[PDB]
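These notes concern the structure reproduced below.
In order of appearance the chains are A, B, C, D and E, and numbering begins at 1 in each one.
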Amino acid sequence: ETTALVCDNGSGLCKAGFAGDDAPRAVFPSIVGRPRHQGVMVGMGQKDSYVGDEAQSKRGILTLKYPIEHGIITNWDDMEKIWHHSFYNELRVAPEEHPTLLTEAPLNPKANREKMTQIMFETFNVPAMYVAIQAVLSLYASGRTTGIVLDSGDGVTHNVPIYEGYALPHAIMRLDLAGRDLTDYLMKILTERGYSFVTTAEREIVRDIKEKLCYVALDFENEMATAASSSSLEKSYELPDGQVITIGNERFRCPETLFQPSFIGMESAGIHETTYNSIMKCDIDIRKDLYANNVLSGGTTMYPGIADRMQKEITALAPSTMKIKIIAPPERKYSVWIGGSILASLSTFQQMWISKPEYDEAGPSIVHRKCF
Amino acid sequence: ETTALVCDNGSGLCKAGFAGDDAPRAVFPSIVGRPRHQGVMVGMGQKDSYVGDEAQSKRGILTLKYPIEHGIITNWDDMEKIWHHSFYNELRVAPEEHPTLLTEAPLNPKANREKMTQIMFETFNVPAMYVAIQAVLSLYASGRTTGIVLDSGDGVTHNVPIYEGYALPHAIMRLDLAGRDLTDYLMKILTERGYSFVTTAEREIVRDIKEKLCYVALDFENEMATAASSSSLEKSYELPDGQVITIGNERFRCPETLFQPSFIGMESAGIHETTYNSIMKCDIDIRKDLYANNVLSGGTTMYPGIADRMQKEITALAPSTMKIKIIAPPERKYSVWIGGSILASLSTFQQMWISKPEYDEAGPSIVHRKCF
Amino acid sequence: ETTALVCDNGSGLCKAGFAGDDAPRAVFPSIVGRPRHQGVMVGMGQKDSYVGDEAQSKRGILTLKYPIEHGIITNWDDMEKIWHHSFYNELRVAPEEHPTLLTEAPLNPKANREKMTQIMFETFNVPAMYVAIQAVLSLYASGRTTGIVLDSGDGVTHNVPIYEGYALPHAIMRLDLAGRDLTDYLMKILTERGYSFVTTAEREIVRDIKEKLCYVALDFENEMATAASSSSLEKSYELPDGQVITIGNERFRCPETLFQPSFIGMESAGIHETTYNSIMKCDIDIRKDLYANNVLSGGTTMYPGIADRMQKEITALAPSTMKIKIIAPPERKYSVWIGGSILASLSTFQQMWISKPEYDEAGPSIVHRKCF
Amino acid sequence: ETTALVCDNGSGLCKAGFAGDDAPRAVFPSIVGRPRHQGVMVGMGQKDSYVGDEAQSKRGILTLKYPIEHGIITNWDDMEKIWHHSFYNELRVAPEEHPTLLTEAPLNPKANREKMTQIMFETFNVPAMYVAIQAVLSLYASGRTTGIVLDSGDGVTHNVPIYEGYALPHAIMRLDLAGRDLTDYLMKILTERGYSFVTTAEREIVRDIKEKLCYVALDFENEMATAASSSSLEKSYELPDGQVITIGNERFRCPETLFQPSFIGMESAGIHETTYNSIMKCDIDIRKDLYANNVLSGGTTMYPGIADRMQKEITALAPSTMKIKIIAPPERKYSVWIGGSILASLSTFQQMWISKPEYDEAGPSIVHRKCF
Amino acid sequence: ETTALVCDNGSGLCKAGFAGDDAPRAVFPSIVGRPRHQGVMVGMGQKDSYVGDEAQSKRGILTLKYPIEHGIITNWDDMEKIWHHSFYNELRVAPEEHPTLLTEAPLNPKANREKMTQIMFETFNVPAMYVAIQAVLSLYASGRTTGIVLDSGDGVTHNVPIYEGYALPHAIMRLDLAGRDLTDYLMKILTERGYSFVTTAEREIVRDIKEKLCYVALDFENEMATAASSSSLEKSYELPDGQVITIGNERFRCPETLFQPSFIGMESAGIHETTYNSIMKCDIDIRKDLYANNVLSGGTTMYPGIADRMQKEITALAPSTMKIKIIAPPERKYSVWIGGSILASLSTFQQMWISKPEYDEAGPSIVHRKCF
C-alpha cells in the first residue's frame, strides 16, 4: 500500500524520488566534501563532512570525493552518507516504511550488489528492495519493448540489446569511458590555452564548462579545419572568481573521445563501433529491429550533436539497405529513474521484490537469484 | 450434416481447412518455438511456446523444434500444440462438432497412427476420423484413377503406384530424402562461399533461399561447366539483417541430391530410379499406364526444372517405344489437401469413417483395420 | 588321379571344397563390396573390391553387390572375382590341376551355363568340368534314389521329383521366392515398429535377424492371435552398434511368405501347393513313393517350424490314405555340396566329365549335350 | 631429395618445422603487434609490426591482431608476415628449396585455400605444396587407421570420423567454439570478482590464466556446490605487474562452455553431443569402432578433466553395451604437426604433391582437385 | 657541418652549451635585475638591466625578476635579454651560424612554444631549431630506453613514462611544486626563529640556505621527534653581512612539501603518489619495467635523502613482489642538457630539425607538428 522509492545512484549524480512520479524530486551530485584547511573561528557550526549541494556550495575549502568510480562503489561510509542524505534530508521520509528500487550497471562486481543489499537491509532497513539494470529501465521509459540501449553516464557507457522483452547478455558490452573521463580530458586539453585546473573544486568548474559549452561535431576533420581557419567556434565562459576564458576546438575535441578513445590512450573502439559490435553479436533476425531503435540515455548523451553523429557513423557501418534511427528523447538524462518509477508502479512487479524474511533466510546471496 | 475437416500434417507445413473447399485456409509451418534467452521486462506478455507463424516472426530469440521428423511424430506435446493451434486459433472451430481427415506417409510405424487416433479421440475428441495415404489423395486431386505418385515434402519422398483404384503395396517405395535434407545440404555447401548458418532460425533463412533461388538443372555436368566458365547463373539474396549473398552452382547443386543422394552420403538411388524401380516392381500390363501418368506432388517437387529432368531420366531408363509423361500441376504443393477435401466430400466415403463408438469398443487398434 | 573340386555357387552363399569330404571347407557369402566413400589416408592398403568375409567385416563403408540374382548370374566380372576368391584365396589350389563340379538351378537360361563353361575353360581353365542339378545332388546326399526335392536357397525355390533315378522334367517347378525375398519382406515389415533399414549393409543385419530369430508357425491365425494377446513370442536382438530391437509377429510373418506369396504381391501359390502340384503332375503309380520322401534342402528350409507345417499342409492336400513324410536332415544347408562330393567321387562318373578337347572341338555348346 | 616443411597455421599458434621430426621446432603465437602510442626517442630501432614472440614480449605498447579468426584468414598481409617470420626468421630456411605442407579446418571457404595456394606459389614460391585436413593428421599421429577425431584449437572445434582410412564427409561437424571464445568468456566472468581485462594485451594474460588454472569439472552442479560451500577450489595467480588475483568457480565455469555453449548465448550443443551426433550420422556397422577410438587433439582439449568428462557424457549418451574409450595422448597439443610430419615423410605421398607446373597450367583451382 | 647548440631554459637556471660536450659551458641563473634606487654619482657605466651572474653579484641594489614562472615564460623582453646573454655574452657565438635545441616542460601552453619559435627565428634567427621534452632528454642521458622520469626543477615537477622509446601522453603528470615553492616555504618558516627575509635579494640567500643545508628525512615523524628531543640536527649558516643563523627541523620541513603539498595548502598528492599514479595509469605489462627504472633529474632531486625516501614510499605503495629501483646519477642536475647534447649529435636527428624555409612557409604553427 505504501509508495516505493526509486533511487538511481549513478557515478556522478544521485536521482531519488517516489514511484509513479514523472520527474525525480532529489537530483544532487554524489560527492562527499571534507575540510582540507584549519578551523579558526569557534561558535560557527562546522561539520566534518558535507554531502550533496552543500559540498558544491562550499567546495572552495573542501576536498570532494566521489564514492562511486566507474560504476563501482569504492568508499562505503561515503556511500552511506549519500544514501542518508538522499533518504532523510532530501526525500524527508523514513526508509523503513518504503521499499526501495536501485539501479546498477551491467558487468559489475557481485560484492558491490551484495554490500548494497546488506546496507539497504541492515542500516537503512527497508521492507523490500530490488536491483535493476539501468538500460532495461531506459527501455521502459522509452515506451517500447525492443531496441539496443546505449547508456552513458559519469562512469560507465554500456550497450544492452533487448528484443521483445528478452535481453541478450552475451551482446552486452561495457566501456569505462564516460563524463568524468571527458572532464579529465578537458582538464588536460585546457592547459594548451594557459588555463590551469588541478583541484577537485576546479573539476566541477571544468565539468560545468563541458556541460554548457561542449558539442559533438558531425565531421571531426572539417570542424578542426573550420576552427583553425576562423575563430567562429570560439566561446567564452566566466569563471566564478572573475576571469573570462575562451575555448575553440576544445568544445568538440572533448566529446570526440566518446568516438575516438585513443585520445585518452585506450585500445577500445568508439561508442558507434561498440553499438555496431553489440548489434552484430546478436541473432540475425532481430538486428533490423535493433537498427531502428537505438535508444540513447544518460547525461553524457546530452551533447547537441551526438544523435546525428551516431546516425551517420552507424549508417556508415551498417548496410545501406537498413533504416537507422537514433531515439534521443529530451528527458533521457533522467530516463533510468523514469523507467524505475514505471517498473515499481507495475502490478506485475510487486511479487518480485526481495523482502526482509527472504534476506534473513538467504543472507547476502538472494540478490543474485531474484535480480539480474 | 456438419462439414468435415481436412488436416494435412506434413513434416514442415500444416495445411488445414474444410472439406469441399478448393484451397486450404490455414497453411502454417509446423514448428514450436521456445525462448532460449532470459526475460527482463515484466508486464509484457511472454508465452512459454510460440506455434506457427508467431514462431517465425519471433525466431531470433526462439529455438524452433519440428514435432515431425521424416514423417514420424517425435514430440507429442508439441504436436498437440500444433493441432490446438490448427483447430482453435487458425480454423477457429470446435473439433468436437467436425470429423477430421488426416494424412500419413506410407511405411510409417503403427504406433504413430495409433497415438494419432488416441489424441484425436481423447484430447480433441471428434465424432469421427480417418487416416489416408497422401499419394492416394494426390491421385484424387489429379482427377485420374491410375498413375504412380511421387510425393516429396519435408521429410518423406514416397512413390506409390495405383492402377484403376487398386494400389500395389509391394511396389510402394519410401526414401527419407526431402526438403529438410536439401535445406541441411544447402547450409553445408553455403560455407564454401563464407556464409555460416548454424542456428535453427538461420535454417529458415536457408530454406527461404532454397525456395526462392534453387532450381533443377536439365544436365548437371553442362550446368557445372556453365557455372565454372561464366558468372551468369549467380543470383543475389538479401539477408533479413542487410547483407547480400551471391550463389552460383549451389542453386542447382542443392536439389541434385534428389537425383544423387550420395551428395549427402546415402546409398539409395535418385527419385527417377526410385520411380522406375517402383514401376518395374508392378505387373507388366499396367506399366505403360504408369509411364504416361507420373504425378508429382508436394513442395519439394516445386523446383522449376524438375519435370523436364524427370522426363529425361525416365525416358533414358524406360524403353524408347513407350510414352513418358510427367503430370506436374501448378497446385501440386497443396494437392494432398485438395484430394482430402475431394475424398471427404464424397457420398461414398461417409460410411468409412471411424466413429467414436467403434473406437470405444475396439481401443487404439481400429485404425489398422478401417484404414490403410 | 587328382582330386575334383565341388563348388556350389548359390545366390547368397558360395560353398566350395574337395570331392570326398563330408563338409565344405570354404563357405563364404557371395558378395562384392566396393567403397562408396572417399579415401583420405595414404599408405593404408585399400583395394578396389572386397570379396567374401572381408566384405562382411568392412560392410559399413562398402556397397555390397550380389553377382547372382534369382539363380542367374548378372555381373560376370564380380562372378570372376567370386570364383578367384574361392579358388586361390580360400581353397588355395591351382584350378588347372583339378576338375571342378558346379551346380545350377533348373529352368535357368542357357546363356548362363554357356558362359559358366566359357569362364571355367578360358579363365580358370580346368582339365574337366561338369554342371549338375542341385536337387539331384540333394537326393544323392539324402542316400535315397527316389523322392521329390524342395530346394530353397537365396534366389530359387525349386521342386524336382525323381523316381528310381529318373527325373521328370515336366513336373519340375521353379518359384522365384527364397531367402533374399524373405529378407526384403522383413526389411519392409520392420518399419512397423520404427526400425529403419535401407542400406545394403543393413540388409545383412536383417538377414542375420531372420536367421537367428525367425520361425515357421504351425497355424498362422492362432499364432497371430497369440502374438496379439500376450507378448510371449517377442524376442530381442542386439544391433551391431548397441541398440536392442524387439520383434513380435514378424518372427513368423516373414517365412509365411513361403506359404503365402501374396504377402509380397505374387500370384504364385505356396511351397506346399507347389510340391503337391508337382506330385500330381507325375505318373500316378509313383505318387505314393513321392508322398513319403519329401526331401528338404537349402538354408531357407532351416527354420525350426517348417517340417511340421509342410507335413500338415501336404497331409491336408493329399488323400488321408497316403503316408506323408518330410525328410529334413540337420545337414541340409550344405546337402547340395555333399551330394556333389558324393557324385564326383563315384567311379561311374569319371567318363561323364566334359574335358578340354571336347570343349575345343564343340565350343560353348557341349554343356547342353553332356549335362542336364 | 630435399626435406619437406610442415606448417600448422592454427588460429592462435603457428607450429612449423621439418618433416620426419618428432616435435615442431618453431611454436609461436600467430599475432601481429602494431604500436598504438607515439614514438619520442630516435635512434632506437622501432619496427612498424612485431610478429610472434616479439609481439608477446612487447605487448604493453602494441595492439595485437590475429590474422586467422575461426579458422579463416581475414588479414592477408598479416598472414604473409606470419609466414615470413615462420620461414625466414624461425626456421631460417629458403622456402623455394623446400615443399611445404599446410593444414586447414574442414567446412572452410574455398577462397581461403585458393589464396593460400596463391601466396604459397607466388610470394613464398615453393617447388610443391599440399593442404591437408587437421583431423586426418591427428589420426595419423595417433597411429591408428580408424576413429573419430575431435580437434579443438583456437577458432574451430571439429569432429571428423574416419573408418579404415575412409572419411565420412556428411558426418563432419564444425563448431565455432574454441579457446579464444573460452578466453573471451573468462574475461567476461572475471569482472564478477572486480578484475577488469579489456585490452588485447590483457587478453593474453587471461589466456595464460586459462592455460594455467582452468580445468573441466566431472560434475558441474556438484563442483558448483563445492565451490559455493568452501573455498578449497580457489587458486591465486600473480599478474605481470604485481597484483595477486584469486578465482573460485571460474576455473571450471570457463571450459564448461565447451559442453554448454548457451553460456555464451549459442544455440549449438556441446562437444559430447556433437561427437555423439557425428557418430550416429555414420553407418551403423562402424559406430562401435567409433565408440572405442575417440581421439582428442588440440590445445583446447588440454584441460586436466576433459577426458573423464567426455567419457562420462558419451557413456551416458551411448547404449550401455558399448565400450567408450577417449584417446588423449600427452602430445595431442602438437599432434596435427606430428601427423603432418608422418604424412610428408611417407613414400606413397610424394606423387600427391601439387607441383609448380600443375599450378601454372591449372591456376588457383588445382587445390580443390588434388586435396580435400 | 656546424655545431648545434643546446640551451635548457629552466625556470631558475639557464644551461647553454655546444652539442657533443659532456657539461654545459654556461650555467647561469635566469634573472633580470633592475635598479630600485637613485644613482647620485655620475660617469661610470650603470646599465638599466643586469642579466645573469652580474645580477647576483649586485643584487643588494637590484630588484630581480624571473622571466619564467612555473615553466611558462611571462616576460618576453626579459627572456630575450636572457637569450642574448646566453648567446653573445656567455657562449660568445653568433646564433645565425648554429642550430639551437631548446627544452620545454610537458602540458605547457602552445603560445609559449609558438613565441619561442618566433623569437628564435626572427630575433636570434637560427638556421634550424627544435623543441624537445625535458624527460626524454633525461632518459637519453640515463643511457636506458625505458623508465618513468621525475623531472623536478624550479617551476615544474613532471612525471613522464616512456617504454621502449614510446611515451604515454595520458600518463604524463605535471605538478606546479618545485624549488621556488620550496624556497618560498623556507622563507615562510624561517620567521618562526626570528629571521626575517622579505626582499628578492634575500630570496637568493634563502635559496642558498636550502641548497646547502636542507635534506629529505627518511621518516618525517621520527625526525621531528629527534629534532624536538635534542639539538643534534641544528646547523649554522653565515649571512653575507655577518650574522650566523641556526636552523633545526626546517632542514627537513622544507623538502617535505615535495611529499606533503598540504604544507603550502595544495590539494595535490606528493611526488611518490604522483609517480605511482603515473605508473598505474600505464598499461599493465610495462609497469614492472617502470618499477625498476625510476629516473630522477633536476636540481630539486639534489637533496641527499630523496632517493631512499622515494624508494621507501614507492615500495610501500607498490606490491611487495616488485623490485623498486630509483636511478639517481650524480650528474642529474644537468641531465636534460646532457641528453640534449646526445640527441643533437645523433645522425638520425639531423632531418627532424625545423629549418627556416619550413618556418617561412608555415608560420608559427610548424612546431606543433614536427615536435611534441
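We take it that contacts are C-beta pairs under 8 Å (C-beta built on N, C-alpha and C of every residue); 3 or more make two chains touch, one makes a residue touch a chain.
**Q** Using the touch definition from the top, how many steps at minimum link chain A to chain D?
**A** Minimum step count, chain A to chain D: 1.
**Q** Closest chain to the protein's overall Cα mean, using per-chain Cα means, please.
**A** D
**Q** Nearest whole angstrom, what separates the Cα centre of chain B from the Cα centre of chain D?
**A** 42
**Q** Report, in whole Å, the distance between the mean C-alpha point of chain A and the mean C-alpha point of chain B.
**A** 56
**Q** How many Å are there between the centre of chain C and the centre of chain E, using C-alpha atoms for each centre?
**A** 111
**Q** For chain E, give me the residues that contact two or more of the other chains.
**A** 168-169 - these are the residues of chain E that touch more than one other chain.
**Q** So what shape is it, when you link every pair of chains that touch: line, ring, star, complete or other?
**A** The chain contacts form none of line, ring, star or complete graph.
**Q** What are all the touching pairs of chains?
**A** A-B, A-D, A-E, B-C, B-D, C-D, D-E
**Q** Which of the residues in chain D end up touching chain C in this complex?
**A** For this pair, the touching residues of chain D are 133, 136, 139-140, 145, 162-169, 282-288, 291, 318-319, 321-322, 343, 346, 348-349, 352, 372.
**Q** Please name which positions on chain E make contact with chain A in the complex.
**A** 72, 107-111, 168-171, 174-176, 262, 265, 267-268
**Q** For the complex, give me every residue of chain D touching chain E.
**A** Residue positions touching the partner: 35, 37-44, 46, 58-61, 199, 201-202, 205, 238-244.
**Q** Can you list the residues on chain B that touch chain D in the complex?
**A** Within the complex, chain B contacts chain D at residues 36-37, 63, 188, 191-194, 196, 198-200, 264-265.
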